[PDB]
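Trainee: Chains as they are written, first to last, in this note's numbering: chain A, 829 to 941; chain B, 1375 to 1441; chain C, 61 to 357; chain D, 16 to 123; chain E, 986 to 1068; chain F, 29 to 147; chain G, 36 to 81; chain H, 4 to 52. Cβ atoms here follow ideal geometry from the backbone N, Cα and C, with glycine treated the same way. Mind having a look at this structure? Questions to follow.
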Amino acid sequence: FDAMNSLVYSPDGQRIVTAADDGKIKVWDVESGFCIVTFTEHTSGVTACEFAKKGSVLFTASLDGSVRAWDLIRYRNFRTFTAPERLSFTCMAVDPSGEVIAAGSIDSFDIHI
Amino acid sequence: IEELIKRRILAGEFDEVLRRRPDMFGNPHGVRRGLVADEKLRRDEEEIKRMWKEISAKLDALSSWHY
Amino acid sequence: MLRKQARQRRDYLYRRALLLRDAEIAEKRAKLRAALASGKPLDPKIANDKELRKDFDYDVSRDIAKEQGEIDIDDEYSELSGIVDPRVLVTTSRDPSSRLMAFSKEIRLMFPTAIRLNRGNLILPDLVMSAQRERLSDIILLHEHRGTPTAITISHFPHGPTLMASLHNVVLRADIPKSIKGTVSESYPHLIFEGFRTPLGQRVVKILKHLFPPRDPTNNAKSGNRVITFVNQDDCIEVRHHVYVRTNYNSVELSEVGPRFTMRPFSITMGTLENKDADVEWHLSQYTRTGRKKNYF
Amino acid sequence: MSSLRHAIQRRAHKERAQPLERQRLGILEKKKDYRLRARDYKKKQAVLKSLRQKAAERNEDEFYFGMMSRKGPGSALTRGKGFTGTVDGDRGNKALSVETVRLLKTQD
Amino acid sequence: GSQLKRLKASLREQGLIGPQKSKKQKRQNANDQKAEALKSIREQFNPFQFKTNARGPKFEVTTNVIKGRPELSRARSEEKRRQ
Amino acid sequence: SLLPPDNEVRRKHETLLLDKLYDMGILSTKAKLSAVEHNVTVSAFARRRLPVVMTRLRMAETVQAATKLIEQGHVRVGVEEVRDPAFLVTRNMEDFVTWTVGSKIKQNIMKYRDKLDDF
Amino acid sequence: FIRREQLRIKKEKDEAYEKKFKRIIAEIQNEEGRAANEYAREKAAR
Amino acid sequence: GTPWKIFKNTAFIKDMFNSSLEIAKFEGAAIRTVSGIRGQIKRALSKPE
RNA sequence: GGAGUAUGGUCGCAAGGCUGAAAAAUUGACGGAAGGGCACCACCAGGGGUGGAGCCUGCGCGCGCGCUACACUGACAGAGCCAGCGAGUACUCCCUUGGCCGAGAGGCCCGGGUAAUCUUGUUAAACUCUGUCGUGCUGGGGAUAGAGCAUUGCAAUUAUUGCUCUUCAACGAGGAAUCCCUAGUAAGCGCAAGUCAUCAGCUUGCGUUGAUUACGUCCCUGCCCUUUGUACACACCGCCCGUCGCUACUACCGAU
């Protein structure tokens, strides 16, 4: 019910996951068109979401200041990252190994890792 | 100067700025993020928490999510 | 970026002026709070101000927090005090000599997180520009006379103060042989300051102790083996750099590892190295009558 | 006070002049002339410091509507050898049409 | 090496900084100097008291390096001016 | 104010409220709650609007001309063009309000300064 | 050396002079004002 | 004495002393202009004695 | 008269010598082995100083910063011809164009400028070209020295500086060592300023020309840190080692 800010396919290609400014992200299945899980831990609008090469982990940044990191075989955010001074991340990328997250905001011009 | 250094080192008082936690405000207890009348005053504090949730949502939405 | 630095410096100067007026009012409000708790009668000009009472009822709590020390004053260092490791680059003047470049290396090695930069052909506004572009905390410029250094310029960024000082009695690290000296240990140094008592002394203490990375406060009273000493007499701050072992619980062996100065500050400006027109906070008043009698810091 | 002083207490102390072997260098500047010199220099430096603050804190995207009826200060490259930083003003002259110059030349 | 590391090594050689010995190790020490060496340590590891050149001698002649004490010389000259 | 003065949640929400209002640019100080008593004001919001803040930044000459220019659409805030003359510009987006891409007003400024690059 | 000695002597001498004459003027004003107020009290009672 | 070359602050002053020995004796002395400008003798000059 | 704030006096306490200079620990003291990270105070590849002769600040015939060179990627002579930061005269003689005179330095008559307006496009230097010289201390180098003419200044001897002729030294890439340096960086070049400390025996800016070689690795020299913590999924690892202290208990030894 808000603007869909970003989306990524899964590396298998069976399901896509989109992140909107409603605060929720959800994983739609391409066949059958239904959302299969709605992650609702962000308390503000969700910007860019990304996968790794492995396709089991999803990293999502948002304006509430946290780059969260979900595991899609157990459906729980095993990590949440914040900057020490409080930022509001608007874009992010992740190494294809899945071990380094970089994220950048509009409030400070440094780029966090 | 050398004896001043020896006195400070022995009865060790150093004027270095110490590394403080970056979330001392919101997390003052420093909990670990893994596996884990006066009722009038408590009701007043919860009312202020509710008011601030509504007002912070309104102010962030009025500044259009630059905050 | 540059518009943000200018805007934040202007907001800081406006907030400082508002703090001056609010301190002129809050000296009157602290008499009303002390008279309310102790019952001693207060002045009629304070007790008959309706605006003061009406605003006092809202502004009790910051005075209580300042009494307990729970909040910190609006400063250029209090934003990032013990959160970020302050990075600092040391540079020479334009065409340095070999002893100035070795001295620049020595006072780079004094700070465990500093870097040294070759000046060459580097215009000083672009030096300031590159410092703000790489988010440096401090720059330190060096000036030599003839192979012997005569001035430091410690500038805090993004808009913080300059302390310009003249150096005396410099005994370099690069004079003693390599059999006697060695590679200096790069551990996070303890700091001691001796003889700073005025608010100007606490100002120079702040802009000198926010050059060093913050020490881990878990067991810092006994661990760590390297100390740096700033002690002033007759407002010429003299600095030593020692390394120590605690040879017993009652005794300690010192070993002088770094250069010796007695720097005298002559200018503390509320504004960075590029601003020659920044408003000074203190300057060494020579050619006055009692400027040699009066001792600052 | 002022009645407890003689006329020799009131008598003025004269000012010495420049030596005659050095009179070609000008007048000997004393405290009064030095005060005039220092006042003029502090005034000029105050104006220049305010102009440097105004040139530093300048919005690069500012838009007044006099910019469509004025010629800018330009640069040394665009203007040329005749480049001062002053915006050139109008002397009042204007390019004059042919009918009015026909009238003026018939009068001449 | 570093001045810290060489100071620690020289004090371990002089036995001033080493591990806490047992009573049996103190019996061995009482079964089997150090101030004369500590004077040399406190002179060598504080090299700024005296003025030295770094290059060494220009022309080596063999025939059978502190070249001046500026602190002691300045204090001596100031005592002469006081007198 | 009505909470007791030594209260932890009072002190925390005082700092939160003052920091939020100073980050939005309504208050000019973040060290007094009497600022939120008699300094927070619909005129302070209305002067944190966009045509008045670009009048202050001298992007226009007057608030009337500024409203005309941002109705014609020459002004972006950040990366997105802004057609609404009520967009509340906060204190850190006052560093990012500027003209749009192919702006005739931008060509007018560059033609005045004699830096009209036609590339 | 002569600079440092003369500046030390000038500071000590000026401080001693200021202290001594503050004491002298305070004692003279104290005694004279005490006797003047006593005489004004003894005169106003007549 | 008399000024010889005049920069912004440091001026070279000529017809006052006769040698660098006399200047080294009067080093740091409080020199003064007739106008009221104070100043300090800084350093002896080499090439004109 | 009440309430504060100061200033200087006065008094009381402090203000009585088993004495004679040079611990804490159930948390502590010191290490070792393995594995990481970093470093022109490390390796690797190159570059550049200093150190040879002379001058001198400074530090305590000896020393340091420098300038100029040892030439052929050059010297010389024509010729091309290109910056940037500056400054500049009122109760005055500052920045100086142009016109003559002079081989030059300079002289002289005027002239513009209190200056984005005049000097000044500062026609700067390396640099580019067409010539001359040809490896010879040579025309590389230009110390020392004689004689002369000028300018500043009341004054120039111990030679302020400038120009001309002549005189034409050492120096043939600096030794051992030792130090520094990774991109508009090393190095060359000039122009300007002289900012309450420092600095004219120089300092700090400013433009111009602008490379070689690393940009990997902890093998050497070291420095820091892990072996406790500080987060949870996948996934991986799998009780690091020594010498003592301290505490609790147990029994032993021998004097009182």
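#1: Under 9 Å Cβ-Cβ, which residues of chain A neighbour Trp1439 (chain B)?
#2: Starting from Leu78 (chain C), find everything on chain F with Cβ-Cβ shorter than 7 Å and list it in chain order.
#3: Could you name the residues of the same chain whose beta carbon sits closer than 7 Å to that of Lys241 (chain C), not counting the 5 residues immediately before and after it, in chain order?
#4: Let me check understanding here. Comparing Cα to Cα, which of C:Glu246, C:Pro146 and C:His216 lies closest to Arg263 (chain C)?
#5: Relative to the C-alpha of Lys91 (chain C), which candidate in C:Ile124, C:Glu341, C:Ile236 and C:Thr243 has its C-alpha closest?
#6: Please confirm whether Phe1399 (chain B) has its beta-carbon closer than 9 Å to some beta-carbon of chain F.
#7: Is there a Cβ of chain C sitting closer than 9 Å to that of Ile1051 (chain E), yes or no?
#8: Closer than 8 Å is the cut-off here; do at least three beta carbon pairs connect the stretch 147–163 of chain C with the stretch 103–119 of chain C?
#9: Starting from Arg320 (chain C), find everything on chain E with Cβ-Cβ shorter than 8 Å and list it in chain order.
#10: Can you list the alpha helix (DSSP H) stretches of 4 or more residues lying completely in the stretch 18–55 of chain D, in chain order?
#11: Using C-beta distances below 6 Å, list every residue in its chain close to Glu254 (chain C), excluding the 5 sequence neighbours before and after it, in chain order.
#12: With 9 Å as the threshold, decide whether the Cβ of residue 379 (chain C) is near any Cβ in chain G.
#13: Secondary structure at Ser327 (chain C), three-state DSSP: helix, strand or coil?
#14: Beta-carbon of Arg195 (chain C) versus every beta-carbon of chain A: anything under 9 Å?
#15: Residues of chain C with a CB under 8 Å from the CB of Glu72 (chain D): which are they?
#16: Whose Cβ in chain A lies nearer than 8 Å to the Cβ of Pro1396 (chain B)?
#17: For a contact defined as C-beta to C-beta under 8 Å, what are the partners of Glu1419 (chain B) on chain F?
#18: Using beta carbons (cut-off 9 Å, strictly below), is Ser121 (chain C) in contact with chain F?
#19: Taking Cβ positions, are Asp840 (chain A) and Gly883 (chain A) nearer each other than 9 Å?
#20: Would you list the residues sitting across from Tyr304 (chain C) in a DSSP beta bridge?
#21: Which residues of chain C have a Cβ atom closer than 8 Å to the Cβ of residue 14 (chain D), listed in chain order?
#22: Any beta-carbon of chain A closer than 9 Å to the one on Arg1406 (chain B)?
#23: Are the C-beta atoms of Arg31 (chain D) and some chain H residue less than 9 Å apart?
#24: Note down the Cα distance separating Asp123 (chain D) from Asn108 (chain D), rounded to an integer number of angstroms.
#25: Any beta carbon of chain F sitting closer than 9 Å to that of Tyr137 (chain C)?
#26: How would you list, in chain order, the residues of chain C whose beta-carbon sits under 8 Å from the beta-carbon of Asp123 (chain F)?
#27: Label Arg168 (chain C) either buried or exposed according to how many other C-beta atoms from any shown protein chain fall within 10 Å of its C-beta, with 16 as the threshold for buried.
#28: With 16 as the cutoff for other CB atoms within 10 Å, does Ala847 (chain A) come out buried or exposed?
#29: Roughly how many angstroms separate the alpha carbons of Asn74 (chain D) and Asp47 (chain F), rounded to a whole number?
#30: Kindly indicate which three-state DSSP category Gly42 (chain H) falls into: helix, strand or coil?
#31: Can you pull the DSSP bridge partners for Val287 (chain C)?
#32: In the DSSP assignment, what are the bridge partners of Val105 (chain F)?
#33: Where do the N-terminal and C-terminal ends of the beta strand (DSSP E) with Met832 (chain A) fall, by residue?
#34: Within 9 Å of any Cβ in chain B, is that where the Cβ of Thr69 (chain F) sits?
#35: Using a Cβ-Cβ distance under 9 Å, would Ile853 (chain A) count as near chain B?
#36: What are the residues that DSSP puts in a beta bridge with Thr258 (chain C)?
Mentor: Considering the structure as presented:
#1: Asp849, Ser872, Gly873, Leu891 and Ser916
#2: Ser56 and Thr57
#3: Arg233
#4: C:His216
#5: C:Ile124
#6: yes
#7: no
#8: no
#9: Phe1033
#10: 22–25
#11: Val291
#12: For residue 379 (chain C) there is no data in the structure shown, the boundaries of chain C being 61 and 357.
#13: strand
#14: yes
#15: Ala66 and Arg70
#16: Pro912 and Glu913
#17: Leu31, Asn35 and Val37
#18: yes
#19: yes
#20: C:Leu314
#21: With chain D covering only 16 through 123, there is no way to say anything about residue 14 (chain D).
#22: no
#23: yes
#24: 19 Å
#25: no
#26: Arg63, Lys64 and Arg67
#27: buried
#28: buried
#29: 27 Å
#30: strand
#31: C:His250 and C:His302
#32: F:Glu108 and F:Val125
#33: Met832 to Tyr837
#34: no
#35: no
#36: Paired residues: none, contrary to the question.
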